[PDB]
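Residues 2 to 80, numbered by UniProt numbering, are exactly what the sequence shown covers, in order.
Please read the structure below before turning to the comments.
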Amino acid sequence: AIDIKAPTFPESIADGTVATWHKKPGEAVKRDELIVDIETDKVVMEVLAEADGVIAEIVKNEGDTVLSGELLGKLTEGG
């Protein structure tokens with residue numbers, strides 16, 4: 002189980018914006034496989050999976066705004 006939420010934004014920035022949900026919640030994932038990108042004031046990050054398993058569900062959509070500690074989704078066990 003691995004909770005996936007936005008990173009803590011610094012002072013210059015006070016929020017962020019999802020990038021693009023390549024895949025969706027409810028499909029098979031594979032360790033070392035991107036899952037969701039993140040967008041910042043001027044920095045683009047990436048969210049890869051830290052282990053195979055099955056996604057749970059995404060609360061934020063693409064092109065949406067996220068806050069510091071915003072739960073974007075949760076990963077399920079795998080095995």
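All residues carry an ideal CB built from backbone N, CA and C; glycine is no exception.
**Asked** Going by the CB atoms, is the gap between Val55 and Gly74 shorter than 9 angstroms?
**Response** Position 73 of the sequence shown, counted from the first residue, corresponds to residue 74. Position 54 of the sequence shown, counted from the first residue, corresponds to residue 55. Contact flag unset, no.
**Item:** Inside the segment 18-80 only - beta strand (DSSP E) runs reaching at least 3 residues
**Value:** 35-40, 45-49, 54-59, 72-76
**Request:** Measure the alpha-carbon distance for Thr21 versus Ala2 and round it to whole angstroms.
**Result:** In the sequence shown, residue 21 corresponds to position 20, counting from 1. In the sequence shown, residue 2 corresponds to position 1, counting from 1. Approximately 22 angstroms between the Cα atoms of the pair.
**Request:** Under 6 angstroms Cβ to Cβ from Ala7, same chain only, skipping five residues before and after it: list those, please.
**Result:** On the sequence shown, position 6 is the one that residue 7 refers to. So the list reads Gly17, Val67, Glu71, once near-sequence residues are dropped.
**Message:** Would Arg32 and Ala50 qualify as a contact pair, given that the criterion is a beta-carbon distance under 9 angstroms?
**Reply:** Here residue 32 refers to the residue found at position 31 of the sequence shown. Here residue 50 refers to the residue found at position 49 of the sequence shown. A contact, by the Cβ cut-off of 9 angstroms.
**Member of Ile36, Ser69, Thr41 whose CA lies at the smallest distance from the CA of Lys24** = By one-based count along the sequence shown, residue 24 stands at place 23. Its Cα nearest to that of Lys24, the residue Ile36 stands out among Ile36, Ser69, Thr41.
**Prompt:** Hey, quick one: how far does the beta strand (DSSP E) through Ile3 stretch, first residue to last?
**Reply:** Position 2 of the sequence shown holds residue 3. It spans 3-6 - the beta strand (DSSP E) in which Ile3 sits, taken as one unbroken run.
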